[PDB]
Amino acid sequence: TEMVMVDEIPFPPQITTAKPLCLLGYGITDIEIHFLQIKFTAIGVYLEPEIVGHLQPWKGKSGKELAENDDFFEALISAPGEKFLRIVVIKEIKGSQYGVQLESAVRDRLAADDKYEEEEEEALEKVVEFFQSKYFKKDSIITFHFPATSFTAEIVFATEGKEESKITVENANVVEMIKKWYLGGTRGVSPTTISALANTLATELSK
């Protein structure tokens, strides 16, 4: 089966964790400023096809109204089942620059919920340390696997030449805010990914 080209970067149409997962959304992170676009990463979102059954309260809704519906994305983020994010570096950067973008996104959300406590701080520190020790060359790959059987996340960094590097995040709140960074509707870091997911899910939910 053919790779899906996401802004000229190949993505598998299916990934298997504990279950077969389908590519149901993809997009990029970028900035458009001074009449210029600069692309940072490409993203693929992999979900169980059965997620359409968990999202039946939104059947008949269009992609445009699902794209602006933060309750919908809240349900998707918390739906039961396996989930997997695949991120491919476009602009080379220091690992610690992604670390701090992540840390700031997670800390901000924890603080807003008053959940920035000892365990969250310790878990987030371990994630920051993990990225601090990496260099994100172009086509490097970060993956976030969210298993259905625990409120944890396994983070893998892969780059040609080196062996895969891995950590497991054990704090549920930190794991939730990582999911929200990428998947929280109008607050997601990648509006293109949100629109693709929302359009793909609206179509599946109409059937």
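In this text, residue numbers run from 1 along the sequence as written.
Note on 79-87 vs 116-124: mean CA B-factor is higher in 116-124. If you average the C-alpha B-factors over 61-69 and over 167-175, the higher value belongs to 61-69. The residue among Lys180, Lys162, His145, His54 whose C-alpha carries the highest B-factor in the deposited model is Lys162.
Ranked against the other modelled residues of its chain, the C-alpha B-factor of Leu205 as given in the entry falls in the middle third. In the deposited entry, the Cα temperature factor of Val106 places it in the lowest third of its chain's modelled residues. The deposited CA B-factor of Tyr46 belongs to the lowest third of values across its chain.
In the PDB entry, a CA B factor belonging to the middle third of its chain's modelled residues is recorded for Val189. Annotation for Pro12: CA B-factor lies in the middle third of the chain's modelled residues.
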